[PDB]
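Below, chain A is the first sequence line, B the second, and so on; all start at residue 1. Note: hydrogens, waters and symmetry copies are ignored here, and every other heavy atom, side chains too, is used.
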Amino acid sequence: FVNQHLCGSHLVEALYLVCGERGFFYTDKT
Amino acid sequence: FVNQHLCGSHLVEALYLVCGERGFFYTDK
Amino acid sequence: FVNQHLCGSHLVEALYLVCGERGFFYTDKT
Amino acid sequence: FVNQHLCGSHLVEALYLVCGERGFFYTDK
Amino acid sequence: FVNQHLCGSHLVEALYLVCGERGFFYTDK
Amino acid sequence: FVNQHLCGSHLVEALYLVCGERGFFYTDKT
Amino acid sequence: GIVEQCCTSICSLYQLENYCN
Amino acid sequence: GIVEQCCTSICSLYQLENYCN
Amino acid sequence: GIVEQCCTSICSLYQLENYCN
Amino acid sequence: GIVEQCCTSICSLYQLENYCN
Amino acid sequence: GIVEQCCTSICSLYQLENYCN
Amino acid sequence: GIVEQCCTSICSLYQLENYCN
Ligand SMILES: Cc1cccc(O)c1
Ligand SMILES: Cc1cccc(O)c1
Ligand SMILES: Cc1cccc(O)c1
Ligand SMILES: Cc1cccc(O)c1
Ligand SMILES: Cc1cccc(O)c1
Ligand SMILES: Cc1cccc(O)c1
Ligand SMILES: [Cl-]
Ligand SMILES: [Cl-]
Ligand SMILES: [Zn+2]
Ligand SMILES: [Zn+2]
């Protein structure tokens, strides 16, 4: 897996594939 | 099962532009 | 909508969805 | 109407790499 | 021939997240 | 073609279309 | 839901905004 | 410039539509 | 146009360059 | 290969990792 | 924050899954 | 390195094809 900052759509995208069927929650900044 | 999996790709990305800071859940089923 | 700098393909992509059926014009730098 | 709408996604993005600074129009119809 | 060409788009991108620094080859045929 | 730094998935993506049927090799950092 | 609805027909930004928060 | 209004500075939605056909 | 032509068959970079400027 | 296998059915990250290095 | 753990600092895979449903 | 030639410095098209199979 990437040792990189995932910063945007890339963050989401990543989550998208990491999580897959499970699904996910994106809060953005907190 | 791709064409909904490749579709979703886009949805999550566009849900990101539109939802800004509010955030979203992505799940179904 | 995002309070963010949209910097590239992201710019285009954005336009793509903001505009939709209308369509768009991308000049790049000016 | 997605599969031309998801397709286009890609076209605009690739028209961006290739057209560099000249720019493009994206429209039809 | 798109729907494998638009598909691949995604594969190369996801092969990028997952393969990190090891790298990959993308080819067939 | 873009006079820009191509920095990630964008790098790959680019390669993807530049190379096409030929195909490609991504080493990442070296 | 979003997928039946937006992966069959094109959701505009407006429709998509529905599935925020 | 869209670039100079939305890359060098942040852009609103409205501000984006300025650039539709 | 681009969509009939490139969303049915694969446009290479070269074909795509046609719809610049 | 990857395309027959992942463009027909969804490859998870794990399956995809197979085509690294 | 996923953003503050994976954008402002690098994230591992594990670290990402924390944010699945 | 493609990365060190096209990320750390700008790359031309040609310069990219160097990295095709
Ligand atoms: C539509 C759907 C169902 C289940 C999980 C998901 O991430 C998405
Ligand atoms: C092909 C097409 C028609 C109309 C509007 C668009 O943005 C694209
Ligand atoms: C599947 C496939 C065949 C040939 C070339 C490619 O880049 C990909
Ligand atoms: C923006 C977007 C992407 C994919 C499908 C849709 O209905 C809408
Ligand atoms: C680069 C690209 C994307 C999608 C369709 C095409 O014909 C070409
Ligand atoms: C991540 C991904 C994208 C496209 C097809 C797949 O099987 C998997
Ligand atoms: Cl697609
Ligand atoms: Cl970026
Ligand atoms: Zn796609
Ligand atoms: Zn990016």
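Of the inter-residue distances, the one linking D/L15 atom CG with D/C19 atom SG reads 5.0 Å to the nearest 0.5 angstrom. Expressed to the nearest 0.5 Å, how far CZ of C/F1 lies from CG of C/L6 amounts to 5.5 Å.
You'll find the side chain of C/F24 reaches within 4.5 Å of the side chain of D/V12, heavy atoms only.
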Output all donor-acceptor pairs under 3.5 Å across chain D and chain C; consider backbone as well as side chains.
residue: D/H5; atom: O; partner: C/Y16; partner atom: OH; Å: 2.5
residue: D/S9; atom: N; partner: C/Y16; partner atom: OH; Å: 3.2
residue: D/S9; atom: OG; partner: C/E13; partner atom: OE2; Å: 2.8
residue: D/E21; atom: OE2; partner: C/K29; partner atom: NZ; Å: 3.3
residue: D/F24; atom: N; partner: C/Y26; partner atom: O; Å: 2.7
residue: D/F24; atom: O; partner: C/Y26; partner atom: N; Å: 2.8
residue: D/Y26; atom: N; partner: C/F24; partner atom: O; Å: 2.9
residue: D/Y26; atom: O; partner: C/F24; partner atom: N; Å: 2.7

